[PDB]
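Here's the structure we're looking at; comments come further down.
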2 protein chains.
Amino acid sequence: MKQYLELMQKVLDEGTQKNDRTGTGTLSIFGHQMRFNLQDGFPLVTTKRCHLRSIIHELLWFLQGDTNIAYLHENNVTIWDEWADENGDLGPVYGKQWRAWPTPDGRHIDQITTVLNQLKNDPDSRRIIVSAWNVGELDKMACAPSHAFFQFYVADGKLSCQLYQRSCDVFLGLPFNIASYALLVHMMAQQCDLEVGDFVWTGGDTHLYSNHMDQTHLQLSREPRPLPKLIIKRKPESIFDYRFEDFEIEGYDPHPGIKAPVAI
Amino acid sequence: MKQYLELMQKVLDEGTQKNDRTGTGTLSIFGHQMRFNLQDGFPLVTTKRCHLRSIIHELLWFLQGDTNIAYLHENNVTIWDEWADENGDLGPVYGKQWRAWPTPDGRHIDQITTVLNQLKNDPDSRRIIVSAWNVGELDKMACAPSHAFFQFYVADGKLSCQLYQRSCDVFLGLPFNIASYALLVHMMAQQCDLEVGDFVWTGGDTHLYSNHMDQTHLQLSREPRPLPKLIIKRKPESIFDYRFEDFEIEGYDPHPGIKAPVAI
Ligand SMILES: *SCCNC(=O)[C@H]1CCCN1S(=O)(=O)c1ccc(C)cc1
Ligand SMILES: *SCCNC(=O)[C@H]1CCCN1S(=O)(=O)c1ccc(C)cc1
């Protein structure tokens, strides 16, 4: 997409050479923001085909609050396979913190139920937030949350959401992360009876891996296509009742997918 | 400063007229990002006289982990006085979370000491983060954090910092928050033998209260002056040992102070 393709070119032109924990290099910048008006269309990258299948399964898995990858296994989603332990456990990563953030005194906080009630009873709140950044549980996680904190906002009947992404693999993770959050906004807008507003994406350490450079150069030579349109075929009773088949993307016409080596 | 007046002009030109928790009335935009290269000068607003006295006191108080206004009220700092209980307590707000985030297993994490060690030993880490967003303890706090989460980053010997400010009073709070974090960045860079890089400010619900409108347009009729300069006079043994008198501002020649009323 245009903002996506400008950010890629910005990392190339001004990123500085950095080394990651894996000994692979990166070109990196710090501080970047893009805004997607979801009424202009579903923000799925069109300069390389992006499969939504796993994105959709992951989001539902998150909202259900389980962190073991058996559900992903049941639908053959393998994006989390390498962090899981022998029992398929990730520790208390995203979904555990979204639905059951553990308190000092033994209880759990359901941040999705909270934001849904704030959106419905107090939509002008300035603290309609969900944080995955549970400092006291970072050491138990298979990985520290990348897409770390998000906030919702309502204006003129429209629901917007901003994500702070402390660490961003521009080529491989970003298209995935942008779709995931746009998806959730549509879902929440429907459950709160709102229209969709903007998806504001803000990055911390925003980088392109050194072995993503040919694929980036190839992707910058293509021209973006008009954005697709998301169709939710059925309005379920609550935000926790979506099923994979509820979502359809229409008008998606991407250039060919581009394969990139994944860095562990 | 230029970035600061551009943000005021943006809220006035794009903002949505809404109300506050008290119902006061705001003009707000959702999502914004701006940058201050700290080698250009210490980002203290000059379109109205701002006093660094209180900001320094508040930051040393935060850094001690303190949440009682006693130290602030001794040094005639009254900015927290309306939130404090009859004992002067604010609850586990900012400084408590910075220095002793309570984990579910009964540990306490010192986030500042953690980012200090990560700056010295793993400056390329993509998780050098301090979060005040302790979901579990928000409702024990006199108010939920405004300047909720910040991240450090190092490139070419310079220390940068990005803050995610989930609610921003642009006219009254913002000048104080930008100067607070820029002072923090100078202190950390001093402790890690780094030079200062950029302060990146990102906002969530970013608003002007409607009783600050004439003050805001008064400010907007003035030209930004040249940025003052910060001189630190000593290199204390740790980031926790700075004193008020180690800090000097040079070249500060602001337009006149502009008073305005605060929100409850
Ligand atoms: S575990 C270290 C950082 N990686 C991640 O969190 C990965 C694990 C699977 C999902 N995320 S992702 O960054 O959103 C992602 C998604 C898809 C691909 C191909 C790579 C990364
Ligand atoms: S407790 C409700 C929100 N108010 C604050 O968090 C205040 C208390 C003092 C620090 N903050 S502030 O938003 O940074 C601020 C600073 C200075 C003035 C004059 C007003 C508000």
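FYI, nothing fancy with the structure tokens labels: chains A, B, ... in order, residues from 1 per chain, ligands from 1 as they appear.
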
How would you report the residues lying within 6 Å of ligand 1, as a PDB file with N, CA and C atoms, in the first residue's frame, if you count only C-alpha atoms and all ligand atoms?
ATOM      1  N   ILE A  79       2.440 -20.549  12.234  1.00  0.00           N
ATOM      2  CA  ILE A  79       3.263 -19.381  12.560  1.00  0.00           C
ATOM      3  C   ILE A  79       3.845 -19.370  13.961  1.00  0.00           C
ATOM      4  N   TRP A  80       3.243 -19.985  14.948  1.00  0.00           N
ATOM      5  CA  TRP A  80       3.805 -19.987  16.289  1.00  0.00           C
ATOM      6  C   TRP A  80       4.632 -21.202  16.676  1.00  0.00           C
ATOM      7  N   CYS A 143       8.211 -15.235  23.872  1.00  0.00           N
ATOM      8  CA  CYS A 143       8.712 -14.033  23.262  1.00  0.00           C
ATOM      9  C   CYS A 143       7.951 -12.818  23.845  1.00  0.00           C
ATOM     10  N   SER A 146       5.506  -8.061  20.566  1.00  0.00           N
ATOM     11  CA  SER A 146       5.808  -7.109  19.553  1.00  0.00           C
ATOM     12  C   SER A 146       4.701  -6.057  19.408  1.00  0.00           C
ATOM     13  N   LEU A 172       8.137  -8.931   6.721  1.00  0.00           N
ATOM     14  CA  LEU A 172       7.338 -10.112   7.039  1.00  0.00           C
ATOM     15  C   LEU A 172       6.198  -9.930   8.009  1.00  0.00           C
ATOM     16  N   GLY A 173       6.425  -9.095   9.042  1.00  0.00           N
ATOM     17  CA  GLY A 173       5.372  -9.064  10.062  1.00  0.00           C
ATOM     18  C   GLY A 173       4.356  -7.969   9.824  1.00  0.00           C
ATOM     19  N   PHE A 176       0.958  -8.443   8.064  1.00  0.00           N
ATOM     20  CA  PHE A 176       0.228  -9.334   8.913  1.00  0.00           C
ATOM     21  C   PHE A 176      -0.385  -8.545  10.087  1.00  0.00           C
ATOM     22  N   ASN A 177       0.462  -7.711  10.696  1.00  0.00           N
ATOM     23  CA  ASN A 177      -0.015  -7.001  11.881  1.00  0.00           C
ATOM     24  C   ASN A 177      -1.075  -5.947  11.488  1.00  0.00           C
TER      25      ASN A 177
END

(request) Check every protein, DNA and RNA residue against ligand 2, keep those with an atom at most 10 Å away (counting only C-alpha atoms and all ligand atoms), and present them as a PyMOL selection string. (result) chain B and resi 50+54-55+58+77-84+90+93-94+141-147+167-178+180+259-264

Go ahead and save the residues from that selection, with N, CA and C atoms, as a CSV table (one decimal), in the first residue's frame.
chain,number,residue,atom,x,y,z
B,50,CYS,N,7.7,28.9,30.4
B,50,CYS,CA,7.5,27.6,31.2
B,50,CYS,C,8.5,27.5,32.3
B,54,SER,N,9.5,23.0,38.7
B,54,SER,CA,8.6,21.9,39.0
B,54,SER,C,8.9,20.6,38.2
B,55,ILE,N,9.3,20.7,37.0
B,55,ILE,CA,9.5,19.5,36.1
B,55,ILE,C,10.7,18.8,36.6
B,58,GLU,N,9.6,17.0,39.8
B,58,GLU,CA,8.7,15.9,39.6
B,58,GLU,C,9.5,14.7,39.1
B,77,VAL,N,6.0,22.5,45.1
B,77,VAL,CA,5.5,22.0,43.8
B,77,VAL,C,4.1,21.5,44.2
B,78,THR,N,3.1,22.1,43.6
B,78,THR,CA,1.7,21.8,43.8
B,78,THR,C,0.9,21.3,42.7
B,79,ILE,N,1.6,20.8,41.7
B,79,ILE,CA,0.9,20.2,40.5
B,79,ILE,C,0.2,18.9,40.8
B,80,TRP,N,0.6,18.1,41.7
B,80,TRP,CA,-0.1,16.9,42.1
B,80,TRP,C,-1.1,17.0,43.3
B,81,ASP,N,-1.2,18.2,43.9
B,81,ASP,CA,-2.0,18.4,45.1
B,81,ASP,C,-3.5,18.1,45.1
B,82,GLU,N,-4.1,18.3,44.0
B,82,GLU,CA,-5.5,18.0,43.8
B,82,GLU,C,-5.9,16.5,43.7
B,83,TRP,N,-4.9,15.7,43.5
B,83,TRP,CA,-5.2,14.2,43.3
B,83,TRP,C,-5.0,13.5,44.6
B,84,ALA,N,-4.1,14.0,45.4
B,84,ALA,CA,-3.6,13.4,46.6
B,84,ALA,C,-4.8,13.2,47.6
B,90,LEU,N,-1.0,9.3,46.4
B,90,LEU,CA,-1.5,9.3,45.0
B,90,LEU,C,-1.8,7.8,44.7
B,93,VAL,N,1.2,5.3,41.3
B,93,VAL,CA,1.2,6.0,40.1
B,93,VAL,C,2.7,6.0,39.6
B,94,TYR,N,2.9,6.6,38.5
B,94,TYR,CA,4.2,6.7,37.8
B,94,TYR,C,5.4,6.1,38.5
B,141,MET,N,-4.8,3.9,41.6
B,141,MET,CA,-4.1,5.1,41.3
B,141,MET,C,-5.0,6.3,41.4
B,142,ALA,N,-4.5,7.5,41.8
B,142,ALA,CA,-5.4,8.7,41.9
B,142,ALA,C,-5.9,9.0,40.4
B,143,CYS,N,-5.0,8.8,39.5
B,143,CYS,CA,-5.4,8.9,38.1
B,143,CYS,C,-4.6,7.9,37.2
B,144,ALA,N,-5.2,7.4,36.2
B,144,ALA,CA,-4.4,6.5,35.3
B,144,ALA,C,-3.3,7.3,34.6
B,145,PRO,N,-2.2,6.7,34.3
B,145,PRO,CA,-1.1,7.4,33.7
B,145,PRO,C,-1.5,8.1,32.3
B,146,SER,N,-1.0,9.3,32.1
B,146,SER,CA,-1.1,10.0,30.9
B,146,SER,C,0.1,9.6,30.0
B,147,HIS,N,1.3,9.7,30.5
B,147,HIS,CA,2.5,9.4,29.7
B,147,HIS,C,2.8,7.9,30.1
B,167,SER,N,-3.3,10.1,26.7
B,167,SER,CA,-4.2,11.2,26.8
B,167,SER,C,-3.3,12.5,27.0
B,168,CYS,N,-3.6,13.5,26.2
B,168,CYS,CA,-2.8,14.7,26.2
B,168,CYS,C,-3.6,16.0,26.2
B,169,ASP,N,-3.3,16.7,27.3
B,169,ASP,CA,-3.9,18.1,27.4
B,169,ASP,C,-2.9,18.9,26.6
B,170,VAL,N,-3.2,19.3,25.4
B,170,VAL,CA,-2.0,19.9,24.7
B,170,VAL,C,-1.5,21.2,25.3
B,171,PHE,N,-2.4,22.1,25.7
B,171,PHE,CA,-1.9,23.4,26.2
B,171,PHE,C,-1.3,23.4,27.5
B,172,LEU,N,-1.8,22.6,28.5
B,172,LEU,CA,-1.3,22.7,29.8
B,172,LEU,C,-0.3,21.6,30.2
B,173,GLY,N,-0.5,20.4,29.7
B,173,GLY,CA,0.4,19.3,30.1
B,173,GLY,C,1.6,19.1,29.2
B,174,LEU,N,1.3,19.1,27.9
B,174,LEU,CA,2.3,18.8,26.9
B,174,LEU,C,3.6,19.4,27.0
B,175,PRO,N,3.7,20.7,27.3
B,175,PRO,CA,5.0,21.4,27.4
B,175,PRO,C,5.9,20.8,28.5
B,176,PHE,N,5.2,20.4,29.6
B,176,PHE,CA,5.8,19.9,30.7
B,176,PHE,C,6.2,18.4,30.5
B,177,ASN,N,5.4,17.7,29.7
B,177,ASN,CA,5.8,16.3,29.4
B,177,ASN,C,6.9,16.2,28.5
B,178,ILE,N,7.0,17.1,27.5
B,178,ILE,CA,8.1,17.0,26.5
B,178,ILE,C,9.4,17.4,27.3
B,180,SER,N,10.0,17.1,30.5
B,180,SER,CA,10.3,16.0,31.4
B,180,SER,C,11.1,14.9,30.8
B,259,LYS,N,-1.5,32.2,31.6
B,259,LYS,CA,-2.2,31.3,32.6
B,259,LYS,C,-3.4,30.7,31.9
B,260,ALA,N,-3.8,29.5,32.5
B,260,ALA,CA,-5.0,28.9,32.0
B,260,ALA,C,-5.5,28.0,33.1
B,261,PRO,N,-6.8,27.7,33.1
B,261,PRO,CA,-7.4,26.8,34.1
B,261,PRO,C,-7.2,25.4,33.8
B,262,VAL,N,-7.0,24.5,34.9
B,262,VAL,CA,-6.9,23.1,34.8
B,262,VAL,C,-8.2,22.4,34.8
B,263,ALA,N,-8.2,21.2,34.4
B,263,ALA,CA,-9.4,20.3,34.4
B,263,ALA,C,-9.3,19.2,35.5
B,264,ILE,N,-10.5,19.1,36.2
B,264,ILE,CA,-10.7,18.2,37.3
B,264,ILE,C,-11.0,16.7,36.9

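If you measure from each of A:99, A:32, A:233, A:222 to chain B using only C-alpha atoms, the closest one turns out to be A:32.
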
(request) Select all residues from chain A having any atom no more than 9 Å from an atom of chain B (counting only C-alpha atoms, ignoring ligands), output as a PyMOL selection string. (result) chain A and resi 16-21+28-33+35+101-109+111+124-127+129-131+133-137+144+146+151-153+155-156+160-162+164+166-167+198+200-202+204-205

(message) Could you list, as a list in words, every residue within 10 Å of residue 254 (chain A), counting only C-alpha atoms and ignoring same-chain residues fewer than 5 positions away?
(response) residues 44, 45, 46, 47, 48, 49, 50, 223, 224, 225, 226, 227 and 228 of chain A

So that I have them on file, write out the residues from the current selection with N, CA and C atoms, as a JSON list (two decimals), in the first residue's frame.
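Resulting contents of selection36.json:
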[["chain", "number", "residue", "atom", "x", "y", "z"],
["A", 44, "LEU", "N", -5.08, -4.55, 3.40],
["A", 44, "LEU", "CA", -4.27, -5.72, 3.11],
["A", 44, "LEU", "C", -3.28, -5.39, 2.01],
["A", 45, "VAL", "N", -1.99, -5.58, 2.29],
["A", 45, "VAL", "CA", -0.98, -5.21, 1.26],
["A", 45, "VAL", "C", -1.35, -5.83, -0.10],
["A", 46, "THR", "N", -1.31, -5.04, -1.16],
["A", 46, "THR", "CA", -1.55, -5.58, -2.50],
["A", 46, "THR", "C", -0.26, -5.72, -3.31],
["A", 47, "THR", "N", 0.91, -5.32, -2.87],
["A", 47, "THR", "CA", 2.12, -5.47, -3.64],
["A", 47, "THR", "C", 2.81, -6.82, -3.46],
["A", 48, "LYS", "N", 2.22, -7.74, -2.74],
["A", 48, "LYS", "CA", 2.57, -9.13, -2.59],
["A", 48, "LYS", "C", 1.31, -9.77, -1.96],
["A", 49, "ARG", "N", 0.90, -10.93, -2.40],
["A", 49, "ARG", "CA", -0.30, -11.56, -1.87],
["A", 49, "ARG", "C", -0.01, -11.91, -0.39],
["A", 50, "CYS", "N", -0.99, -11.61, 0.44],
["A", 50, "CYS", "CA", -0.91, -11.93, 1.85],
["A", 50, "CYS", "C", -2.11, -12.83, 2.16],
["A", 223, "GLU", "N", 3.46, -1.62, -8.31],
["A", 223, "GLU", "CA", 2.58, -0.50, -8.02],
["A", 223, "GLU", "C", 1.42, -1.06, -7.22],
["A", 224, "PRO", "N", 1.02, -0.40, -6.15],
["A", 224, "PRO", "CA", -0.10, -0.86, -5.36],
["A", 224, "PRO", "C", -1.40, -0.89, -6.16],
["A", 225, "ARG", "N", -2.35, -1.71, -5.74],
["A", 225, "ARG", "CA", -3.63, -1.78, -6.39],
["A", 225, "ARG", "C", -4.69, -1.27, -5.40],
["A", 226, "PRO", "N", -5.85, -0.85, -5.90],
["A", 226, "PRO", "CA", -6.95, -0.46, -5.02],
["A", 226, "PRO", "C", -7.13, -1.53, -3.94],
["A", 227, "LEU", "N", -7.46, -1.15, -2.73],
["A", 227, "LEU", "CA", -7.70, -2.02, -1.59],
["A", 227, "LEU", "C", -9.00, -2.80, -1.64],
["A", 228, "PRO", "N", -8.98, -3.97, -1.02],
["A", 228, "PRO", "CA", -10.10, -4.86, -0.99],
["A", 228, "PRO", "C", -11.14, -4.37, 0.02]]

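By chain and then residue number, the residues within 7 Å of residue 229 (chain A) are residues 41, 42, 249, 250 and 251 of chain A, counting only C-alpha atoms and disregarding those fewer than 5 positions away in sequence.
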
Let's have the selection written as a compact mmCIF listing (two decimals), in the first residue's frame, with C-alpha atoms.
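Generated file (result07.txt):
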# COMPACT_ATOMS: atom_id res chain seq x y z
CA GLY A 41 -10.92 -0.19 2.16
CA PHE A 42 -9.41 -3.15 4.03
CA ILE A 249 -12.38 -10.38 1.52
CA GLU A 250 -13.66 -9.09 -1.83
CA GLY A 251 -11.80 -7.38 -4.66

(request) Determine, counting only C-alpha atoms, which protein, DNA and RNA residues have an atom within 8 Å of an atom of residue 248 (chain A); residues of the same chain fewer than 5 positions away are not included. Present the result as number ranges by chain. (result) A: 230-233

(message) Quick check for you: according to DSSP on this backbone, which residues of region 25-259 of chain B are classed as strand (DSSP E or B)? Reply as a count of residues only.
(response) 65

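Using only C-alpha atoms, the nearest neighbour of residue 27 (chain B) within the list B:213, B:208, B:1, B:220 is B:208.
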
(message) Need the shell around residue 39 (chain B): protein/DNA/RNA residues with any atom at most 9 Å away, counting only C-alpha atoms. Skip same-chain ones fewer than 6 positions apart. Format as a list in words?
(response) residues 195, 196, 197 and 198 of chain B

(request) Skip residue 240 (chain B) itself and residues of its chain fewer than 6 positions away, then list as a list in words all residues within 12 Å of it, counting only C-alpha atoms. (result) residues 59, 60, 61, 62, 63, 64, 65, 66, 95, 98, 99, 110, 112, 113, 116, 184, 187, 188 and 191 of chain B

(request) Apply DSSP to the backbone of this structure and, from region 10-241 of chain A, keep only the residues in alpha helix (DSSP H); write these as a ChimeraX atom specification. (result) /A:10-14,53-63,70-74,94-100,111-121,174-191,213-220

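Here CA of residue 69 (chain A) stands at a distance of 24.1 Å from CA of residue 185 (chain A).
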